[PDB]
């Protein structure tokens, strides 16, 4: 009545490029749709984006990243990959996370 399925490192990356073509999801949201286990979803998915960005430009596809911002002062920061723990200009730890999308041309 019940069937067991095996999860690998090569298919799990193929699944990231499968949901992100129909909609837009944040690094923590790309952890909710799967198994979380313990801690380590933000830095693991962001290093997975560095491996996808090199293959995605070779397949003739463009990835659009939305600019990260400070929600307390209104100050707008340039679109980034790896995340800062503190702001270089102000002092606020209230930064909004960038959005990753795949577009076919």
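Numbering (our numbering), first residue to last: 296 to 400. Ideal Cβ placement from N, Cα and C applies to all residues, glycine included.
Please classify residue i as buried or exposed, where buried requires at least 16 other C-beta atoms within 10 Å of its C-beta.
i           : result
residue 390 : buried
residue 311 : buried
residue 395 : buried
residue 325 : buried
Mind checking which residues open and close the beta strand (DSSP E) that includes residue i?
i           : result
residue 398 : 395-399
Taking only the alpha-carbon atoms, compute the straight-line gap between residue i and residue j and give it to the nearest angstrom.
i           : j           : result
residue 336 : residue 353 : 26 Å
residue 380 : residue 296 : 48 Å
residue 309 : residue 398 : 16 Å
residue 377 : residue 299 : 35 Å
residue 392 : residue 322 : 8 Å
residue 364 : residue 349 : 26 Å
With contact counted as at least three CB pairs below 8 Å, one residue from each stretch, are the region 355-362 and the region 325-332 in contact? no
Please give me, in chain order, every unbroken run of the alpha helix (DSSP H) with length at least 4 that falls completely inside the region 317-357. 324-327 and 337-351
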